[PDB]
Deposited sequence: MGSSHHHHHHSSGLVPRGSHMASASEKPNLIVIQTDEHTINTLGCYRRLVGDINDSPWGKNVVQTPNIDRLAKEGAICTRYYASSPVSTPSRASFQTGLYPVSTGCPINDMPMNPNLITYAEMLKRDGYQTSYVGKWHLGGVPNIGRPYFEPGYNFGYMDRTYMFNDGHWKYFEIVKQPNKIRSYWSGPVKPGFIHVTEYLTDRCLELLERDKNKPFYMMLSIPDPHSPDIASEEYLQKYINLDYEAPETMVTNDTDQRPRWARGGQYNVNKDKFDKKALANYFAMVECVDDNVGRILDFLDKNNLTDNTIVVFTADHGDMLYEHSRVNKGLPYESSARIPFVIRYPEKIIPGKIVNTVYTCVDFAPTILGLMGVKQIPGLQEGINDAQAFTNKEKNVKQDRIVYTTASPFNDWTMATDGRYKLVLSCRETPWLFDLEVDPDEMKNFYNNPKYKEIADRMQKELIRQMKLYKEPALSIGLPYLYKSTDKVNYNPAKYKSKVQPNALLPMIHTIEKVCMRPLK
């Protein structure tokens, strides 16, 4: 009996907003922002009835590069899309194409960000190459709107970022979930692969008023990693919101968005239970990247810090995954395709897979799983930092700062550098040798660009991003391309 696959992805979602991750490091009611943190009962069910990954990271803490690595089993340079808005190479084979080729009905509902399509001020559905997704009716490339209006039935939709909900407006999280439930009912009696990518926790921290009412008046605490000018000891790749400008209204909005998400994940899980698909359906809860959310005095920033770099990875496969399993092995989005295809018995993406198939970690009987492994992450807009982690030690190399070594056992809040401590010399050496080796193997763009990285603490910063930029002539035809995309390619009539 071929297992079904449902992947639920969020955008800019910090693991600290999930109770499953907060309980792993302490009380579920303690958070960087205190006790009024959002509770995630429905997502936490997947952890309780399955496996939680404590060291899952984005290949790059930016949307397009991470999403690309999740589909391809490849680092962002080999996907064609290391920067946002770049098209993913249409010739590359995705895990969805492998599922399609094994007789699976494939559907994507939500934000793609891999099609390279223009912004038309409204959701751009069916964007770019299918990449193995048969139903892309409710797949749109990019947008931060919170409300949708349905002008024509298929997917002719007007989008709105803010404002009260007008009479025919639907909150996007509910809409996309409602659409996914419909496709799930149609394919419940066949091998099906559904991916719902919800964009809500993302940047425009604007939430539904029925969710905001529950958080706007509550009290929140500024994260203890927040800085003041005289207490700023952060690396320069992270030097912004000082403790004085911590915004509790934006925090309440983010918490309200996460509750809408968890409620809507529950409707998907309630459906599976009612239609008896829980046992033979693999459910994954994940995100493209996380959010600093005022931690380290940063917000919405692609950083090697845990809150931004780390992504939630919770998987429930009742048949082959024991409940309460914790996988501590370090992983990136490059590992998803080989691992998910191995777990489902499906053939691997042919040729180069720069990741590992660790389906054994979930299929074995060990309640706590850890393998000795190092993984590397990359910076998206400017490739200005690189990072390697073994689970406890995190090494950051940059053209904007001298090397930084973090110890999560001794300093979980990543507030101190241990690179120059002679007691950590062997660790630093091992981590630096691996980062350089992985940088060369996975074609780190910084090496091709010749960025001035500092591999020694004696080095000085000499970096102007302008020298590595290629100024570009503006296309005079784009004003007319935008018109034909709106009125001809994606018409509201």
* Enumerate the deposited-sequence segments absent from the coordinates, judged by C-alpha atoms, in order of position. => 1-25, 265-268
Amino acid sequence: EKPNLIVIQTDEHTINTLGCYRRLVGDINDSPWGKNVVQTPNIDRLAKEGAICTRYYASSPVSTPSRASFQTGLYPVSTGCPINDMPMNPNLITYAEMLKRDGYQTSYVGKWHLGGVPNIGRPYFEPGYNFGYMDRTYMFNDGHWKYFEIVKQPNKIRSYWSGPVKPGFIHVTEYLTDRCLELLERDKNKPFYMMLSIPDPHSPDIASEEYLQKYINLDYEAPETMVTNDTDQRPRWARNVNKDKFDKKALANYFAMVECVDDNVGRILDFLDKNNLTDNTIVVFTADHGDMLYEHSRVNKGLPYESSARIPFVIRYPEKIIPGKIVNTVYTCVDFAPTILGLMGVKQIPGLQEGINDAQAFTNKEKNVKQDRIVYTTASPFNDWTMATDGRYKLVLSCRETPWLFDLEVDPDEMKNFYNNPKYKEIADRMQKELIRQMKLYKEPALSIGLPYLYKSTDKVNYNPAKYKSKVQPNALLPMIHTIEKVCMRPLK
From here on, numbers count along this sequence of modelled residues.
* According to the deposited model, is the average Cα temperature factor higher in 66-74 or in 30-38? -> 30-38
* Asked: When the C-alpha temperature factors are averaged for each of 241-249 and 316-324, which stretch ends up with the higher value in the entry?
  -> 241-249
* Which listed residue, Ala309, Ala388, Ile150, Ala379, has the largest C-alpha temperature factor in the record? -> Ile150
* To do: Identify, among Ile427, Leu454, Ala51, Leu451, the residue whose C-alpha carries the highest B-factor in the deposited PDB entry.
  => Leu451
* Structure fact -> By the entry's values, the third containing the CA B factor of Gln432 is the lowest
* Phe271 CA temperature factor, ranked by third within the chain -> middle
* If you rank the chain by CA B-factor, which third does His482 end up in: lowest, middle or highest? -> highest
* Using the B-factors in the PDB entry, rank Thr278's C-alpha atom against the chain and give the third, lowest, middle or highest. => middle
* Tell me, lowest, middle or highest third: where does the Cα B factor of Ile374 rank within its chain? => lowest
